[PDB]
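A short worksheet on the structure shown next.
Computed from the coordinates by the stated procedures, all read-outs in this text should not be read as laboratory data. Counting neighbours? That spans all protein chains shown, and the Cβs are built from the backbone with ideal geometry, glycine included.
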There are 2 protein chains.
Amino acid sequence: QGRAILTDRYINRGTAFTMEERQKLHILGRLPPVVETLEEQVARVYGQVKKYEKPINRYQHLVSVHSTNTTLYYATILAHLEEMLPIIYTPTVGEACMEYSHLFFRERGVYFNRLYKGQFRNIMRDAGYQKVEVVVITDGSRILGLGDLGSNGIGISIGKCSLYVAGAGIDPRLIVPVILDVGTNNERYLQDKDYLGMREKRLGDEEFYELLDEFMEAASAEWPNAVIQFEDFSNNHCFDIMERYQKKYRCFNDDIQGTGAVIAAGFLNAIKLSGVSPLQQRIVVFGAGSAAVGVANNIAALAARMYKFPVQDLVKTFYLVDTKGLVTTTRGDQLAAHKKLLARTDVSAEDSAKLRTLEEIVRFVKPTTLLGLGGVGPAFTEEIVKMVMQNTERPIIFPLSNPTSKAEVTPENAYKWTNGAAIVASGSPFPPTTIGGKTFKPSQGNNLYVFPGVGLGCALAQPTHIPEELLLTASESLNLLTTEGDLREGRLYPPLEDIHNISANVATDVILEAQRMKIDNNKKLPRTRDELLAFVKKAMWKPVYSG
Amino acid sequence: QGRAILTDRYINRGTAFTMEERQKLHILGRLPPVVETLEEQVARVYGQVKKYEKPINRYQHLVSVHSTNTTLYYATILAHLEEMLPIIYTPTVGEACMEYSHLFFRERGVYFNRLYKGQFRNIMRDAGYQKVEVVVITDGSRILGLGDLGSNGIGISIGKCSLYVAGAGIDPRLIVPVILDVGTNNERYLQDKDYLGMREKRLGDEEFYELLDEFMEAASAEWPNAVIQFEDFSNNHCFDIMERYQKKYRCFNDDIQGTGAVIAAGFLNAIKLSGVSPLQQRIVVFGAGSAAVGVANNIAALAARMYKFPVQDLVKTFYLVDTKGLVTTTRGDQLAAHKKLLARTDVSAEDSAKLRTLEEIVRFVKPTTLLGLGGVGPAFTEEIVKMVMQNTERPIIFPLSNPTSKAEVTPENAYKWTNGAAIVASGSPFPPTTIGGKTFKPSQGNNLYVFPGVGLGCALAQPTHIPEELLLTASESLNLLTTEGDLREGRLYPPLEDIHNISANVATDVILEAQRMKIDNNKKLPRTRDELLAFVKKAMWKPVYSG
């Protein structure tokens, strides 16, 4: 009763309490007199957001709404998802962590460090969270290796947890954001009187894994129903973490496994639009890090699953370019393990020595696709795009490096140079480009398409672990959600605004695959697709006033 | 226990919980690992405030601290009071109300309007506030008649309540901010889809008083121990409200009665520094509204109390200037009632017709003091200040009109033109001025010097009403707090940073005057000054971690 209702963010409705409710609940006279519907409150909040000039102030306003009316916050995000995503997550959330970390103090963060060694389970038990479904953990080290946030990485976990709630209807009470503070190499923070985390350089690998092992074991006992999602871990650990834990715990890494699932789905739809079928594609992979090779391998895996081409033939469609040039077995260097499987076997040593610059590699390979995974700026030049037009009527051009500055080509330039023929997926949202009165707009491969549905599917099915089959099934599900209508209009993904339906379908297909593998621990679920889909949709938390 | 402690703004200490406390209270791992003292948290918050460029963003940050750690909020305000005052109150609070009213939604506002006629007492009863001490009420009409805020005036009540807590240690649980929404003449708001108040023009006087009468009667029954303070009411009502209620209820208006008390105290100290004793002063009162004449009458009342000069002789020191010129009985117009008592009787009709412009009025009157209450801009020109220097070695120059744009003269110009001789009180804070290596700084007559102590005194003594004697006693108390040391350094007031000691002394003297008049209802209090002062100081809420 009374102001206790208005100060409980889960049950407060604010001005959406009717006059009769206000009288019954002893809050008449604790609100201004106008009664609003939820939709009206959402419109009002959206204008309160747009009154702020800078993304950080927009973010700060949204935090205040999240603190006072959880339903209204999520309702606003769902009504304006494409516009809100860059504010509530990348890139604004990282700026909030780096310079405005006070914005996170009031949220339900859980903080581990070596001072609490042997107490991790007690800390989790004392949080008293029943039936936790999703745990996002970071060490603030950063996947893209820039701006080590240390303890302030808790804001990344908080923002990513919010995207599970918005995207897949994980109940906001059943998600936990975690920082594993193992120190920071951020020299500003190590000297900052106001930095509140462990004031020391990052722990060595042995001590790192002693603490992360205790975390995983503790979470498996106290939050046994949860999916553990690793977020924004640096490359020295993120791949090794997955090798250490993938079989033993219910866990995944969205940066590695989510990105590859999303990109693979859009890329296969791009091939469909091109008419140049997967075994006729000649794909330049610009960028040869572990992540880039992971994406190429996820594309090959998905095409093998959808079409039953032999995976060895799909691997021969890829031309991998590293900092030295085309990756070949005859180039004369010792290749990193991850580069060997995509290395050309069909290019002579004499040709390899002349295959160093991207322009000459493109002239020689005669690719039909450019995949930009390079992280080095605008490498897909006008001259390079005009060459791809010699090899296909519909060039597939994916500038996926973030931010927009590091991206290989603007979608605007790709469409202009190909006179509208380019099929484009981007890492960031871009405005439409109009050419000759015909409108083009890139398909953004947002990670939101996959991780929420994997979380909702793993929360419902309770699988023993998350093998590669479940991520491949999610990739396929996303691909197949793109309608004949969506494809006729050049879209590579289902629309982001339809994320609840997307997540419910991805989750359904993930659950069916866990059921086929007999790794599902929840025996209440339907085992046929139509009935399961309906069941999954009913399970989702929705940001509407319920009681 | 647990996060329930961290999410209770009255008991949360945040990072000031020791490691042992965190273990005992089940919040280990719900905070980053650094333990801070209160003083360290205050320093950190002050830097988080100064990271923001604009006052509104500074305000927004302070609101978030108020929402999460009440003790830390008030501790920060008390450590940086002079710098924070313009952010947490005038002029920032009015901009927050006018354009950022969402910042107030979560606070403990109480909202009345004609839809709730006959239910006011039930609304107050349902708020369940025990032993309420201070109620600030506004209708959002504005004393200075600009930017009618309507319902959004609740933020003015909220900010003013905060100043009672900071300035006099009114416990933050025992103060209530109230909006009496009687409509708005703000045409933007009447058309604004997002304005949440009564969407109609302001009620006529009869209906206005029917609702405000119900408010006063209801508050007298349900909040019987409270002082009711009227804030930011327009001139068509603010004086009439005091005539209607002053004898029947425990109420005052800070804009009228607080301002006059504060100005009178500083002005009497200015006379002391001048050596030109009160009966030798010749004072130009530039501005002849009801408020300006109220201030002159408060000066005369205070000098009569402190010195036992006959009040009629003190009235003859004032030369009142309205828009027509010098106010005289021989000028030929029918004077407003409030102008008649200060009208010159000693100036001929022929002289009156030549006493229109301030420069010629100053040449004729040969004043020793200029009181700027005009609200019309920089009327105290260089030529006018040089004339005052012909009549006194120490010109008293009080540019009190707000904002700094409407002010009669900059303190910098006053000190430069008088070569450091001017004795200056201001309506706003100004930086020091250095002349010939000697530093001068105006004394700001902030209303904070008086209303908190009147609230704390009236909360403790529980007087039947607040007669003019209590405000005069508060004015005198403030005057007498200015130390021989403060006066030797040119200060007209005790330092604002010492507001708790100031309020405790003002409250003590107010209580003694209520005891002398036998209007005090609290018989527990001491009746001698030393013992009462000690008792009052112990009663004050202080922003330190207590338990």
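Could you please find all residues in region A:7-29 being touching a helix residue (DSSP H, G or I) at 6+ places or on another chain (Cβ under 7 Å) and among the hydroxyl-bearing types (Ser, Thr, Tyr)? Correct list: A:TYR10, A:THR15. Can you say whether A:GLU53 is more than 9 Å from every other protein chain (Cβ to nearest Cβ) and not in a helix (DSSP H, G or I), as far as the supplied structure shows? Judged against the criteria, A:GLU53 is a match. Applying the criterion of at least 3 residues that are without any contact (Cβ under 8 Å) to a residue 40 or more places away in the chain to the helices (runs of 4 or more DSSP H) found wholly in region B:171-278 leaves B:187-191, B:205-222, B:235-245.
One residue alone among A:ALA218, A:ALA168, A:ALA127 is in contact with a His (Cβ under 9 Å, 6 or more places away or on another chain), surrounded by fewer than 23 Cβ atoms within 10 Å (Cβ to Cβ) and aliphatic (A, V, I, L, M), and that residue is A:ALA127. Annotation note: of B:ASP530, B:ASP520, the sole residue that is of a type in the set (D, E, K, R) and crowded, with 17+ Cβ neighbours inside 10 Å is B:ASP520. Among residues of region A:66-108 being over 30 Å from B:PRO33 (Cβ atoms) and of a type in the set (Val, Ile, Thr), the one that is farthest from the other protein chains (Cβ to nearest Cβ) is A:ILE77. Within region B:130-142, the set of residues being closer than 19 Å to B:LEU203 by Cβ and within 15 Å of the chain's Cα centre (by Cα) comprises B:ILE137, B:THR138, B:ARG142.
Residues that are surrounded by fewer than 19 Cβ atoms within 10 Å (Cβ to Cβ), of a type in the set (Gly, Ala, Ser) and closer than 30 Å to A:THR37 by Cα occur in region A:533-545; there is at least one.
Every residue, every condition in (1) crowded, with 22+ Cβ neighbours inside 10 Å; (2) within 32 Å of the chain's Cα centre (by Cα), yes or no:
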position: B:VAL347; (1), (2): no, no
position: B:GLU359; (1), (2): no, yes
position: B:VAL376; (1), (2): no, yes
position: B:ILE384; (1), (2): yes, yes
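Residues that are surrounded by 21 or more Cβ atoms within 10 Å (Cβ to Cβ) and more than 14 Å from every other protein chain (Cβ to nearest Cβ) within region B:188-207 comprise just one, B:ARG202. Note on region B:14-38: among residues that are more than 12 Å from chain A (Cβ to nearest Cβ) and under 27 Å from B:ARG106 (Cα atoms), the one that is surrounded by the most Cβ atoms within 10 Å (Cβ to Cβ) is B:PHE17. Counting residues in region A:395-418 that are outside any loop (DSSP other than H, G, I, E, B), hydrophobic (A, V, I, L, M, F, W, C) and free of Cβ contacts under 8 Å to residues at least 24 places away in the same chain gives zero. The set of residues from region B:112-156 being facing chain A (nearest Cβ under 10 Å) and in contact with a helix residue (DSSP H, G or I) (Cβ under 7 Å, 6 or more places away or on another chain) comprises B:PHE112, B:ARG114, B:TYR116, B:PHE120, B:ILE123, B:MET124, B:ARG125, B:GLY150, B:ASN152, B:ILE154.
Going through (1) touching a residue at least 12 places away in the same chain (Cβ under 8 Å); (2) under 18 Å from B:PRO429 (Cα atoms); (3) surrounded by fewer than 20 Cβ atoms within 10 Å (Cβ to Cβ) one by one, B:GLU83 falls short only on (1).
Considered as a group, the residues in region B:347-371 that are touching a residue at least 24 places away in the same chain (Cβ under 8 Å) and in contact with a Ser or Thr (Cβ under 6 Å, 6 or more places away or on another chain) include one that is nearest to B:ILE271 (Cα to Cα), and that residue is B:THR368. Inspect region A:399-414 for any residue being surrounded by 19 or more Cβ atoms within 10 Å (Cβ to Cβ) and among the hydroxyl-bearing types (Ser, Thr, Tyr) and give the result as yes or no. So far as region A:399-414 goes, yes, one or more of its residues are surrounded by 19 or more Cβ atoms within 10 Å (Cβ to Cβ) and among the hydroxyl-bearing types (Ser, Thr, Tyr).
The single condition from (1) in contact (Cβ under 8 Å) with a residue 60 or more places away in the chain; (2) aliphatic (A, V, I, L, M); (3) surrounded by fewer than 24 Cβ atoms within 10 Å (Cβ to Cβ) that B:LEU480 fails is (1).
Residue-level check: of (1) within 14 Å of another protein chain (Cβ to nearest Cβ); (2) surrounded by fewer than 24 Cβ atoms within 10 Å (Cβ to Cβ), B:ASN185 misses just (1). Whenever a residue of region B:145-158 is surrounded by 24 or more Cβ atoms within 10 Å (Cβ to Cβ), its partners that are assigned to a helix (DSSP H, G or I) and among the small types (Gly, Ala, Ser), lying with C-beta atoms within less than 6 angstrom and at least six residues away or across chains, give the pairs B:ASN152/B:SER101; B:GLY155/B:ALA96.
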